[PDB]
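Have a look at the structure below, then the notes.
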Amino acid sequence: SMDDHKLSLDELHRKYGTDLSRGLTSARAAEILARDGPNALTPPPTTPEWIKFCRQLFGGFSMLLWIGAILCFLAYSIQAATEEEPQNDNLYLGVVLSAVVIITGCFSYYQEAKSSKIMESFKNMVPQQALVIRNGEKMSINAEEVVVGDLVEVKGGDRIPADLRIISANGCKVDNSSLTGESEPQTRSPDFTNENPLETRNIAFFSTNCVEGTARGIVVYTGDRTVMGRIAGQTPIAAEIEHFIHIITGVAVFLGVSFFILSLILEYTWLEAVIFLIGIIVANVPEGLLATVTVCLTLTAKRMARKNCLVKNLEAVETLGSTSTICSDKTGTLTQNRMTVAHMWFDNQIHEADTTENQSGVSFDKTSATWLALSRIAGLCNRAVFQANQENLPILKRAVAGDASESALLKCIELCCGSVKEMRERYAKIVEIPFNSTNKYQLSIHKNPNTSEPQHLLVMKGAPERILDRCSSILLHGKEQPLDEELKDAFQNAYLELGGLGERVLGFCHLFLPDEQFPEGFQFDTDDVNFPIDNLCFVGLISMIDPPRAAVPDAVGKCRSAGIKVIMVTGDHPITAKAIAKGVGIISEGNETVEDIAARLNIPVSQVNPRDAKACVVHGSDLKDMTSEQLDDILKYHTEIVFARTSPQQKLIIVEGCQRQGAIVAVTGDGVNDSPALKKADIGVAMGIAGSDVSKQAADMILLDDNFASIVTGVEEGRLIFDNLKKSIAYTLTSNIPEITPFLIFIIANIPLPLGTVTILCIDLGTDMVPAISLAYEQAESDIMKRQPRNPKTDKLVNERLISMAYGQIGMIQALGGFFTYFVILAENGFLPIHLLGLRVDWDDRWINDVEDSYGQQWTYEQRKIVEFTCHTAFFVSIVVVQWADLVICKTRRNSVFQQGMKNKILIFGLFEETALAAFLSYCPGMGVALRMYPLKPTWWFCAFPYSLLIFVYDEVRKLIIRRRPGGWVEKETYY
Amino acid sequence: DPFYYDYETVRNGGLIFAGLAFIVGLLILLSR
Amino acid sequence: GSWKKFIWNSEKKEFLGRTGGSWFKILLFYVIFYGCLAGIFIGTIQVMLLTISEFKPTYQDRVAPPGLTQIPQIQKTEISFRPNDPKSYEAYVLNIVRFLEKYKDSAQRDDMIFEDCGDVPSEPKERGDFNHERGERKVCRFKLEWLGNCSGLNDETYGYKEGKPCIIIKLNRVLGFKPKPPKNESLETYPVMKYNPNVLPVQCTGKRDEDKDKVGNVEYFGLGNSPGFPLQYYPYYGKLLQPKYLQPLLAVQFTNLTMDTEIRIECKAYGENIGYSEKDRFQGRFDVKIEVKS
Ligand SMILES: CCCCCCCCCCCCCCCCCC(=O)OC[C@H](COP(=O)([O-])OCC[N+](C)(C)C)OC(=O)CCCCCCCCCCCCCCCCC
Ligand SMILES: CC(C)CCC[C@H](C)[C@H]1CC[C@H]2[C@H]3CC=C4C[C@@H](OC(=O)CCC(=O)O)CC[C@@]4(C)[C@@H]3CC[C@@]12C
Ligand SMILES: CC(C)CCC[C@H](C)[C@H]1CC[C@H]2[C@H]3CC=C4C[C@@H](OC(=O)CCC(=O)O)CC[C@@]4(C)[C@@H]3CC[C@@]12C
Ligand SMILES: CC(C)CCC[C@H](C)[C@H]1CC[C@H]2[C@H]3CC=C4C[C@@H](OC(=O)CCC(=O)O)CC[C@@]4(C)[C@@H]3CC[C@@]12C
Ligand SMILES: CC(C)CCC[C@H](C)[C@H]1CC[C@H]2[C@H]3CC=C4C[C@@H](OC(=O)CCC(=O)O)CC[C@@]4(C)[C@@H]3CC[C@@]12C
Ligand SMILES: CC(C)CCC[C@H](C)[C@H]1CC[C@H]2[C@H]3CC=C4C[C@@H](OC(=O)CCC(=O)O)CC[C@@]4(C)[C@@H]3CC[C@@]12C
Ligand SMILES: CC(C)CCC[C@H](C)[C@H]1CC[C@H]2[C@H]3CC=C4C[C@@H](OC(=O)CCC(=O)O)CC[C@@]4(C)[C@@H]3CC[C@@]12C
Ligand SMILES: *[C@@H]1O[C@H](CO)[C@@H](O[C@@H]2O[C@H](CO)[C@@H](O)[C@H](O)[C@H]2NC(C)=O)[C@H](O)[C@H]1NC(C)=O
Ligand SMILES: *[C@@H]1O[C@H](CO)[C@@H](O)[C@H](O)[C@H]1NC(C)=O
Ligand SMILES: [Mg+2]
Ligand code: NA
Ligand code: NA
Ligand code: NA
Ligand code: NA
């Protein structure tokens, strides 16, 4: 429909609730909140909470265990009609195969719903903020409640929160890429230019940003009724677990089909063969890994939010842990960006600031016209103003509306030389200049209040090396002593002795223009430059100290021990950047640049071999003319690189240069010029308290505390998930040999069967469901930040060393621990072990009711099948007993369990749930006819204690050899 | 009698152990 | 894995991605590893065999009331034959002849092993104790002539040639077991037969109600005149102490079977020790289906 862009501001009075200034109103706010819908775009409804349940109950690899129950109930339904004495045995088989599906589907749905509930809790974690100008006095609000008739003020880098009509802008430029497809900013103005209401300048749009400038606009639509409100993934660590599950599925399907047609030769009663096939396929395929990976990801994301490191998608979790390069900025991230004045220099003497109450009187609060003029220059250039409720607050804290340097400068002026706003109205600012990035020239021409001098003053401040050509004549005692060469040498010495401790310096110069250029009447403008700028009245230098953050100098050491390379990209002088890098530990001691060894041996810099210097400080002006080959070996031959005097716009040329060597680069940005460099890096980090919305729509992280050390803690939490996934995969695969081998030795050796299909499903449901997911909650070992970064090209999760440990070494001990208990039971009832070789044909014969044992007595058919089902029960129980030691050794990878501790509460619950399920399935009245499971003697629970102890002893001695001998044969062959 | 072996005592002990090992796991899990 | 490039290099000599001095170590590791695993398994088995006696099993409660079986070893508890067809009943006669080899009178002549227990039923004979202090124990000898009209001293087809077939019933051996016949309250067991205090009684009747009208007459042959197992034997001492032990037998003949009908017959044994089951249809009891085609 037609939007109110054609009608001007008078009809904007006469279209909304009478407000174009001073805010709208409280009452009106509630009324237009109740009239229209709030600013939330309404979500599409997803599938309800029973379709997600039937996709897990009747899903993949559970239809097999449903059709097994259907066939069992069909065989019982056939038998109950055309047979007398119907003998309901397939009824309980169908009941058991139906109960296994319900339990496994309920566990899978619970583990899916918990991770969905956690990952849904990151929206409204860092909501949106809109700047309105309500009756109050300019406030930020939750942005999902604004109304039609508000006036909002946006600036460079903010998000437009509603449908806007612009009233007063200073060249804001919206990027029209969400509804047109243009990658070019467009100028906005309150006029009426285009006939089409969409490609015009009258209005602004939802889900857009007006980069530069500011704007004051009025809301026309909110919520669903905007032009955006109408109209309308995998993980590289999940797409590998899928590919592994497909290969294990093919192997298990081959094994189950091969075991299916091998049983029918042994007269195995077609229902039993089908149930045996289904039980092999279901139990030998690790379907519960695909849940575990999600629980490994989402939980980790939650912990990253508890340490001020917020992710934007789950694909950014597994790539943050493989980070090999961090290219961070200096101001705001490494340092606090709360600077105070220290160590001014004027009249060939470094002074002290004397910030505190201990007034050393350092030639201050007195009469000496050089520092009076210097403090007057540093007082009438500070654009920052103070807020209300501050003039009765001490020096120790002050709210102030401005950037860092001028807020630092206002401290010394409001401390030393009275109030400040009286000094602003004394010398009237007649033309201002905003702070430019090209020459860094802050100027504000002033005039006398009534009279102070016949030559009224013009001011100049900025970088001292960028004003050394402009202002040269010093102010010793009011005297403009001209350019002097040893004085420039002393200025250079002051520059090195003020940048050498790590301070940003600012120069100060001024002018006494006569009345020849402006009289007392009409003044002169500064946009048309008719002022002499060369050989001006320099007064002195002011520097400011900037403390680095709290937990940074050991976070850089943890980045160094973990093989991550840190790059510092600042916009400061290349001697202060070297000082800050040596202060925080970027350039550690022992490492030096070519300037240091050149000034060491007193050979000039230009002929030093650039191979003995591993640290390097690159000026930003040389970055523009160097081609790709010089950058691609600056980043190759050095180890500690610091880019100084560098614009953020050329950050991108760094990042690709680090990506060609092969690296996962993490880049911090907070501006609108960094957004080409954020989404070219492998992981982009936005800032949380500073940083506009364009900077955080392009990044994969949010730093909620603006600290560098939170990135390092995020690298820890990202590194943890590969360890936890390898531990869970290693635990899950060990229970495959004791489920395969009892049927193999049944065929080969012709002994009675040690394990049936019901106890195979019991083994799988008991020892694979709960304790395999408890290794996702495992704490971090002591050597996660002492290993190198993993390469996601040559380092997969599964190796030939992970398969040959689970299938070849640990699984065989569990198979032997089961077979021992089988032989112990069958030898204590009368069948000695040599007598069992060859007994299978007579044992399984229903019409041979006198089978002789080693003592000579004669067994019935049911009397020996009861002993066989007791052997099945204790096979399952001994598998649970060795599962214990399999779960205990599979929670560490190179540390011992005595230096890891039992801090995992889910693992102890897994052990107790295992043992409670085993002791309940054996000793409950009623399991003898349903499950065919019979009670064990109390001394049969200790038959697989030595094999469970052997697993523990073997794995502890193996890990000890790996720790005390790195790079040996045991680490090369067994360390998975 | 070498032919009897009452199973009720070991069944009572096993069910007591199952109830104990279930409630202690419940108290370890819900300890948070 | 790719193809040739991975099957062999000969610029590093790496068959399957592993050099030949590395294939030797990874196989020596698995040979030593499985050798020590086999050693530990054999050692635990040999240690467990030291707690096992060689005269008495550790647990006897899973054979505790014995089964009751019949000697023509048949395939679905079914006997079916034609008397004027000497190829239908030949397997049954061959089974009975192969079973009654060791019961012959010429196979019991060794008087230092076999002994002459009485020809009337008597009390159990304790041979001592399970302690090997007397060596091998002697065994009572069973004469075939007590199975008369069912032994091989006559009709050598055991009745199958002339209509009326005959089975041989025996109770399963349990080491150390002494059967207790029921008491004599004259109300206790069912229904009525001749009672003897040293005979475990057996009775074979028809199963359904139409089978009781068709089974006809049933003859028993054993030691004495009360049908059942004598008690002079028992309790089996085991095949270490008593090789060539001979369990007592009981022959049952069906002299007046009804022709061309399938008849179900249940044989039960009575006593205090003897108990029955509902799933085990061979414990203390059995059943047979006979069908004499004409
Ligand atoms: C009741 C509890 C008892 C528990 C007992 C459990 C025993 C624990 C055994 C587990 C250890 C597993 C590795 C053992 C092999 C150690 C090899 C070694 O030391 O490397 C030397 C060294 C390590 O030092 P290196 O290799 O790095 O030397 C470096 C050389 N320079 C410096 C020049 C580079 O490796 C070798 O060079 C040669 C090793 C060849 C290995 C050949 C295979 C040996 C066969 C081992 C059989 C052990 C099986 C026993 C398991 C039985 C348990 C069921
Ligand atoms: C009697 C037969 C037919 C089954 C009857 C239904 C099942 C008892 C249902 C009820 C709730 C289901 C499950 C839903 C919750 C899980 C949480 C699980 O605990 C954990 O996962 C560890 C703690 C944690 O994950 O934080 C243990 C019980 C279990 C498997 C439940 C087991 C029983 C399920 C399959
Ligand atoms: C490890 C898994 C995959 C297989 C382990 C079981 C074995 C495959 C089978 C083969 C024959 C079995 C047993 C049959 C014979 C006995 C006799 C036993 O004692 C003796 O050897 C004494 C012999 C004598 O004195 O006459 C030692 C070996 C043992 C336990 C064998 C051990 C190996 C068994 C269980
Ligand atoms: C079936 C059994 C025989 C094998 C599986 C059980 C383990 C072999 C045993 C060996 C000793 C037991 C535990 C006894 C108590 C210690 C305390 C623990 O030490 C600490 O608590 C240190 C805490 C910290 O440093 O943070 C080291 C492991 C642990 C749990 C042991 C882990 C392994 C246990 C369960
Ligand atoms: C049947 C019984 C008599 C066999 C004896 C069992 C052994 C005493 C087991 C118990 C646990 C095993 C080991 C597993 C735990 C480690 C912790 C380890 O202590 C450390 O922290 C090592 C630190 C380092 O080396 O840097 C030294 C002892 C050791 C090898 C243990 C030594 C004793 C082992 C071989
Ligand atoms: C990994 C380390 C810390 C061992 C942890 C394993 C289990 C959590 C704990 C629970 C109590 C322990 C056992 C203490 C003794 C009982 C005897 C048994 O019950 C009987 O004695 C037979 C029945 C009866 O006595 O009547 C049930 C299992 C068992 C082995 C327990 C199960 C497993 C243990 C080692
Ligand atoms: C990981 C594997 C190697 C462990 C399997 C257990 C044992 C380590 C292996 C070694 C060889 C296997 C068996 C191969 C076949 C022989 C037959 C047997 O010889 C006989 O006397 C049987 C013939 C007869 O006398 O009636 C002696 C032991 C036995 C079971 C071996 C017992 C031990 C086995 C199971
Ligand atoms: C055992 O078999 C013999 C013959 O083999 C039976 O003896 C005959 O029985 C019939 C039955 O009426 C008599 O008429 C004959 O006179 C008997 N002959 C002889 C020589 O005795 C004998 O009855 C059978 N024993 C039984 C059935 O208990
Ligand atoms: C078999 O013969 C006996 C003769 O004593 C007779 O009583 C019985 O009814 C007969 N049975 C049949 C089935 O003919
Ligand atoms: Mg930044
Ligand atoms: Na599974
Ligand atoms: Na991005
Ligand atoms: Na397992
Ligand atoms: Na498994």
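A few points about this structure:
- Hydrodynamic radius (Kirkwood) for the range A:340-545, which is based on Cα pairs only, to one decimal in Å: 17.8
- Partner chain coverage, peptide C:43-55 - average Cβ within 10 angstrom: 3
- Where both bridge residues fall in chain A, DSSP classifies roughly 70% of the beta bridges as antiparallel.
- Exposure proxy ranking, count of Cβ atoms within 10 Å, fewest first, for A:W859, A:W50, A:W969, A:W884: A:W50, A:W969, A:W884, A:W859
- The stretch between A:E973 and A:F945, if pulled fully straight at 0.36 nm per residue, gains 7.3 nm over its current Cα-Cα span.
- Ordering of A:948-956, A:794-802 by burial proxy (mean other Cβ atoms within 10 Å per residue, highest first): A:948-956, A:794-802
- A simple spin-label model places the labels of A:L797 and A:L396 5.4 nm from each other, with each point 7 Å out along Cα-to-Cβ.
- Between the range C:25-63 and the range A:599-639, the alpha-carbon centres lie 71 Å apart.
- Per-residue ³J(HN,Hα) for the range C:68-76, Karplus 6.51 cos²θ - 1.76 cosθ + 1.60, θ = phi - 60°, Hz, x for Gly and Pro: 9, 10, 10, 7, x, 6, 10, 9, 9
- Counted residue by residue at 0.36 nm each, then reduced by the alpha carbon distance between them, the extension gain from A:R893 to A:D527 reaches 124.8 nm.
- Fewest-first sequence of A:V569, A:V146 by Cβ atoms within 10 Å of each Cβ: A:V146, A:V569
- Here's how it looks for A:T734: its modeled amide H is under 5 Å from none belonging to a residue 5 or more places away or on a different chain.
- Per-residue HN-Hα couplings for the range A:892-905 [Karplus 6.51, -1.76, 1.60; θ = phi - 60°; Hz; x = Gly/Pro]: 10, 10, 9, 8, 6, 6, 7, 10, 10, x, 9, 8, 8, 7
- Anchor C:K4: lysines whose Cα lies under 19 Å away (excluding residues fewer than 8 positions away in-chain): C:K12, C:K13
- Whole-Hz ³J(HN,Hα) from phi, Karplus 6.51 cos²θ - 1.76 cosθ + 1.60, for the range A:451-458, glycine and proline x: 7, 9, 6, x, 10, 6, 9, 10
- Sorting C:24-35, A:113-124, B:10-21, A:322-333 by average packing, meaning the other beta carbons within 10 Å per residue, from highest down gives A:322-333, B:10-21, A:113-124, C:24-35.
- Residue-averaged beta-carbon neighbours from other chains (10 angstrom radius) around C:165-173: 2
- Remark on A:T325: its backbone amide H falls under 5 Å from those of A:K565, A:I664, A:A666, a criterion applied only to residues 5 or more positions apart or on other chains, H modelled at 1.01 Å from N.
- Ratio of Rg to Rh for the protein assembly as shown: 1.19 [Cα atoms; Kirkwood radius as inverse mean 1/r over pairs].
- Set of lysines with alpha-carbon distance to A:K411 below 20 Å, sequence-local pairs under 8 removed: A:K366, A:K397, A:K421, A:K461
- Look at where the Cα atoms of the range A:493-539 and of the range A:885-944 average out, and the two centres are 82 Å apart.
- Peptides A:369-378, A:914-923, A:103-112, ordered by how many other C-beta atoms sit within 10 Å of their residues on average, highest first, read A:914-923, A:369-378, A:103-112.
- Between helix C:20-48 and chain C there is an angle of about 30 degrees, using the helix long axis and the longest principal axis of the Cα atoms.
- Among C:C166, C:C267, sorting on how many other beta-carbon atoms sit within 10 Å of each Cβ, with the fewest leading, yields C:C267, C:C166.
- Distant-in-sequence amide H partners of C:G67 (H built 1.01 Å from N, under 5 Å): C:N172, C:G284
- From its DSSP helices (H runs of at least four residues, each -39,500 (n - 2.57)), chain A gives a residue-normalised ellipticity at 222 nm of -12000 deg cm²/dmol.
- Charge dipole (debye, nearest 20) of the protein assembly as shown; +1 at Cβ of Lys and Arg, -1 at Cβ of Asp and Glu: 2180
- Computed FRET value (nearest 0.05) for C:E162 with C:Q247, which takes r as the C-beta separation and R₀ as 30 Å: 0.60
Bear in mind that the values in this text are calculations on the coordinates, not laboratory data. As a convention, Cβ positions derive from the backbone with ideal geometry for all residues, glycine included, and neighbour counts pool all protein chains shown.
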